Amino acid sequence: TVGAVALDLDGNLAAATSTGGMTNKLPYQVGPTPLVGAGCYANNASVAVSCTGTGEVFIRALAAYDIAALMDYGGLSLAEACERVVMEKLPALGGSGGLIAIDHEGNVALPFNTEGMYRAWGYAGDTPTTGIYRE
C-alpha cells in the first residue's frame, strides 16, 4: 500500500492510495484502499487522509473518514484525532497500520502503531523529512 495527501496554495486538500493488498490474498478480496472513508478521504473543510494497515479493521473503523469526523464534529485537533484512531480505536479492533493526514490549516500527521511505516513529508519551499522506524 502507498499513498499521498497534499494541501495546495489554493487551500485544496486531496488524497490518493494504491495497493496490491496482502501477500497470498484471495483473488476478489477488497481491502480498504479503494473504499472512500476506509483507505482514502479528503474534504477541504477538514482533512485529507491516506491509510495503510490491517485491511478489514480500516474498513470496519472507516479510519480515513473517522479522522475527518473526529475533527469536524468532535473538534479534536489533527494530533488528537490521529492518536484516537491509530493508537486506541484500531488496536481495540486488532488493527495494525497507520495513515498520513493533512488538515485545512496545513498541520501534518503520520501516525502508525506498527514497527515501521515508510513515510515522508515536507512544506513547499522547505526541506523534506523521511522515516522508516518509530521516531
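So that there is no doubt, residue numbering starts at 1 and follows the sequence shown.
The mean C-alpha temperature factor is higher for 69 to 77 when 69 to 77 and 38 to 46 are set side by side. Mean CA temperature factor is higher for 126 to 134 when stretches 3 to 11 and 126 to 134 are set side by side in the entry. Out of 85, 109, 64, 26, it is 26 whose C-alpha atom has the highest B-factor in the PDB entry. Annotation for residue 54: C-alpha temperature factor in the highest third relative to the rest of the modelled chain, per the entry. For residue 97, the recorded CA B-factor ranks within the middle third of the chain. Only modelled residues enter the ranking.
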